[PDB]
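J.: next input, structure requested:
(chains A, B and C)
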Amino acid sequence: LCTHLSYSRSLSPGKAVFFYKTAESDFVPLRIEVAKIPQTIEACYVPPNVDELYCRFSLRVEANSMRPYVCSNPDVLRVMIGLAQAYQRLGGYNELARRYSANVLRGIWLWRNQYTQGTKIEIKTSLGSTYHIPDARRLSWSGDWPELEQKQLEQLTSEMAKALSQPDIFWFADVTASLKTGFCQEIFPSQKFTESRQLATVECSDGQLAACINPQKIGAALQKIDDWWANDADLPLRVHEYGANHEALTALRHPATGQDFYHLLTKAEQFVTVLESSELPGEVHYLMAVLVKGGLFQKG
Amino acid sequence: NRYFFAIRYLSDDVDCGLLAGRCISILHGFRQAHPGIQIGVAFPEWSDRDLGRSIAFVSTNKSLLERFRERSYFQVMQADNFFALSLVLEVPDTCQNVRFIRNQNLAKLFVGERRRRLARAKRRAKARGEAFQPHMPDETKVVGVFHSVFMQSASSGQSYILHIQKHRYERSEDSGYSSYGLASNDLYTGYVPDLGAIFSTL
Amino acid sequence: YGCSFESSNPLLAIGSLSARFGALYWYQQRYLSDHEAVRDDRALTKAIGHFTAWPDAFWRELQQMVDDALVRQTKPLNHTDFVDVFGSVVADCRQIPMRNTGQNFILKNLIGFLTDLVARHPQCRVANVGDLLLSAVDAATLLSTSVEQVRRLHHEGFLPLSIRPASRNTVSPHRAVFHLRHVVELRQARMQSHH
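T.: Numbering: from 1, shown residues only, chains lettered A, B, ... in the order given. Find the structure here:
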């Protein structure tokens, strides 16, 4: 290893905002009511006579895991470059793109608000494509998707596979979903972290406030595609260097097992050798996923 | 002209909101056996931060209050060293009164209440034959401090919360207590002495 | 001195001698609490009649104390210790020396009961019986396995931990931390054998 090594993030959303349409104007925000009772109570629900609620966010994808942002060691750099390319030319970006793409179309980024009478998801991109999932309530992590839907997963996978692997393509997606709702259904936006509770909003250009979901909360949902441990797929974990599992309060790739990122980072010379003899194993899939969610890998 | 007795909780881990609810339920059951009675509930350890670890009952009929004290629940809880009980004695003549009014208006702070109110309003319009056209209020309200008591429903499948406020007494009219020995904002006037005094007895 | 029985309808009428000895020891501490009066014959003589309606009496003894416990409740049940309601009846199952269910018939009936108890009390908004907390040494007994195996089972994620401990500390075997309904279900799901 070496003293300085960093990657930046290769995939990121902006934030999500809730709103509805009227006959008089196209963008009316969903608002939150507060009573000072400081120590307050507050509430948010769809108001009477609005039949459906809209949620929207934007996504940029960048081929930025091909090269270290900073590296202080010429030998570490030579290897990391050789590895990313050794992988790229055998495929594998398709696999990562398939996993990311599946999560967008499924709709899990809606977290606790998935319980609707029918959710429709529409996607537009900067290359001129449009995708349409008429009903997002039925698509599993594991299983065969119904016809015409399986197909759009392949088409979206292809655009993203490119966005992740070739530079100088400026790829944007614009994701809007519609929630068909109940009579006065409660809505669950992001909460504020404090030292009673408060909810998060954003300001509109006209001064009104609106309910929202934070950027990283959308992001945490998209990248939850780690099921390469213990030969038991279950449900996937949010990619983490130690395999953290918040629900059970544990860690699946505890350093004690030799299965964490840092042990694996030191075997790069051996992986490149294998790729040259090539089948891609779980060990290199994990590593590539972490490099995409870049951060500090230092003080070796 | 007034008699009382008090109960204190001995255990440091006691949940006041859960436990207080049982004493009220007993009072209610007693009220059902003998409709023509009046017994008030007081909180002599009331604070702005918490409800307190003690409860007291106040009335005017000594012989009736003794009968209440003899209810089996209280006797069991004492025997197992959960409760400390006092005897019935006369209320001191050197104190001030408080109301302990309960406020159902606070229900409107929660989504479930608004949903029910509107569902009824829609249906109610059919008699009028006009289109359902509801009109909502503004974004800011101000309310006073209140504490919660956990309550079970009477012969049904529900549970809910009582919201208690404390108001200072002002004298007028004649009295009456609600089924829970609580006061109402209107047309249910009564009061209790604020016996935070002489509490060294338990 | 020997067993030699046929038409053994009572649960005390079958088995190896060690089990037959253990069953009597258990009966004695639990129902002959009166101080020794060297009624060595008479004191134990009654144990056989006692067991003749066992398949239908043991459960009532357990049911009685669910209700008497309930009416003395002071905390919401999901922070209440299993022991506060059932009084270590589980630990007593360890006086018979055998570990498996098909031979240790006292444990077999206690589990039967607890499975039914959970079954008639499904999860809802207000906590109820079945959400009580067990300690590590208790799951080991109900799951018919040693304690270290429970730690391994936790580490792999087969069951959740409900109480958040402080940092730079450890949770001891005596601390109450798993929900009853979680243990009953896991056992049916992945702990059965030919025993």
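
J.: mind listing what the residue most central in space within chain A touches?
T.: Chain A has residue A:222 as the residue nearest its centroid, 2.1 Å off, counting by CA atoms, centre = their mean. Neighbouring residues of residue A:222 by CB atoms under 8 Å, 6 or more residues apart in numbering or on different chains: A:11, A:13, A:100, A:103, A:104, A:109. Backbone N, C-alpha and C define where each C-beta goes, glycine included.

J.: residues contacting the helix or strand encompassing residue B:112, please?
T.: Element membership for residue B:112 (DSSP states H and E) is helix B:111-128. Helix B:111-128 has contacts (CB under 8 Å, 6+ apart) with A:43, A:45, A:48, A:183, A:184, A:186, B:107, B:108, B:131, B:132, B:134.

J.: of these, buried ones?
T.: A:43, A:45, A:48, A:184 (16 or more other CB atoms under 10 Å in any protein chain shown).

J.: now narrow these to whatever sits close to chain B.
T.: A:43, A:45, A:48, A:184 (CB under 8 Å from any CB of the partner chain).

J.: adding secondary structure and distance to residue C:7, write those residues out as CSV.
T.: CSV is the format used below for those (DSSP: H, G, I helix; E, B strand; the rest coil; distance: CB to CB, whole Å):
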residue, secondary structure, distance to residue C:7
A:43, strand, 70
A:45, strand, 69
A:48, coil, 74
A:184, coil, 68
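
J.: excluding chain neighbours, what is closest to residue 134?
T.: No chain was given, so I picked chain A. Sequence neighbours aside, residue A:120 is the residue nearest to residue A:134 in space, at 6.0 Å (criterion: CB to CB, 6 or more residues apart in numbering or on different chains).

J.: the intended chain is chain B.
T.: In space, residue B:134 is closest to residue A:48, 5.3 Å off (CB to CB, 6+ apart).

J.: thought the one you found was touching residue A:182?
T.: No. Here residue A:48 lies out of contact with residue A:182, judged by CB atoms under 8 Å, at a distance of 11.4 Å.

J.: mind listing what the residue most central in space within chain B touches?
T.: Nearest to the geometric centre of chain B sits residue B:182, at 4.5 Å (CA atoms, centre = their mean). Neighbouring residues of residue B:182 by CB under 8 Å, 6+ apart: B:41, B:100, B:101, B:102, B:162, B:164.

J.: can you spell out which residues form a bridge with the fourth one?
T.: When bridges are called by DSSP bridges, residue B:102 pairs up with residue B:164.

J.: how about the helices in the stretch 151-300 of chain A?
T.: Along the stretch 151-300 of chain A, the segments classed as helices by DSSP state H, counting those that start in this stretch run A:215-222, A:261-265, A:268-277, A:282-292.

J.: same question, chain C
T.: C:17-31, C:42-45, C:47-50, C:58-70, C:82-86, C:105-119, C:136-142, C:147-155, C:180-190 (DSSP state H).

J.: out of those, nearest to chain B?
T.: Checking the helices of chain C against chain B by CB to the nearest CB gives helix C:58-70 as the closest, at 9.8 Å.

J.: how far away from the center of its chain is that closest one?
T.: Here helix C:58-70 is found 14 Å from its chain centre; the criterion is CA atoms, centre = their mean, to the nearest Å.

J.: next, the angle from that helix to helix C:105-119.
T.: Going by axes from the mean of the first three to the mean of the last three CA atoms, to 10 degrees, helix C:58-70 is angled at 50 degrees with respect to helix C:105-119.

J.: measure the residue nearest to residue A:263 when sequence neighbours are not counted to chain C for me?
T.: Spatially, and ignoring its direct neighbours in sequence, residue A:263 is nearest to residue A:255 (7.4 Å; CB to CB, 6+ apart). Distance of residue A:255 to chain C, computed by CB to the nearest CB, to the nearest Å: 13 Å.

J.: need the helices of chain C in JSON lines with mean neighbour count, can you?
T.: Formatted as JSON lines, the helices of chain C follow (neighbours: other CB atoms under 10 Å in any protein chain shown):
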{"stretch": "helix C:17-31", "mean neighbour count": "14"}
{"stretch": "helix C:42-45", "mean neighbour count": "12"}
{"stretch": "helix C:47-50", "mean neighbour count": "13"}
{"stretch": "helix C:58-70", "mean neighbour count": "13"}
{"stretch": "helix C:82-86", "mean neighbour count": "18"}
{"stretch": "helix C:105-119", "mean neighbour count": "17"}
{"stretch": "helix C:136-142", "mean neighbour count": "20"}
{"stretch": "helix C:147-155", "mean neighbour count": "15"}
{"stretch": "helix C:180-190", "mean neighbour count": "16"}
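
J.: for residue 15, the count of nearby residues, please.
T.: You didn't pick a chain, so chain A it is. Using other CB atoms under 10 Å in any protein chain shown, residue A:15 is surrounded by 17 other residues.

J.: oops, chain C please
T.: 18.
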